[PDB]
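Here the sequence shown is numbered in my numbering, starting from -18 and rising by one per residue.
Built from N, CA and C at the ideal position, the CB exists for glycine as well.
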Amino acid sequence: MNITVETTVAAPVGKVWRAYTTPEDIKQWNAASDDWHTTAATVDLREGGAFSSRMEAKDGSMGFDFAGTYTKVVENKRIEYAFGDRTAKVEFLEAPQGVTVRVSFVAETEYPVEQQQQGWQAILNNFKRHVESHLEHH
């Protein structure tokens, strides 16, 4: 199954796209802890480029290992990449009222379809909150 999620934000396409693939920006809404756990996020912004972001737990709070590599990028607007044994493609749409960000990915059988849908949507929602924190828009 293919799972699709979408989030619309009131921000310039260039700023959203650049923030979408900045690791320091990613840390703003993910990959951080108060109880002193080791997190790091990296993004390699180039077609064919490869990157990995990881979270670690000192006490056992949270953590994970995510890796991905880019296969195609178009007009800073259409991007396809692979992550582990699954793949995803993100599209950026310019709207009169705002910019819409759409992410489609292949379902992982180990996790419920609904849980994955909400998870990836939450990521875009975190991107929305990132915009809101970095732009009056709220």
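- Annotated three-state conformation of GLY49 is strand, per DSSP.
- The Cβ atoms of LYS8 and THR20 lie closer than 9 angstroms to each other.
- With 16 or more other Cβ atoms from the protein chains shown falling within 10 Å of its own Cβ, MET36 counts as buried.
- Residue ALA69 holds the alpha-carbon nearest to the alpha-carbon of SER85 among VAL(-3), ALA69 and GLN96.
- Counting the other Cβ atoms within 10 Å of the Cβ of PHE73 gives 16 or more, which makes it buried.
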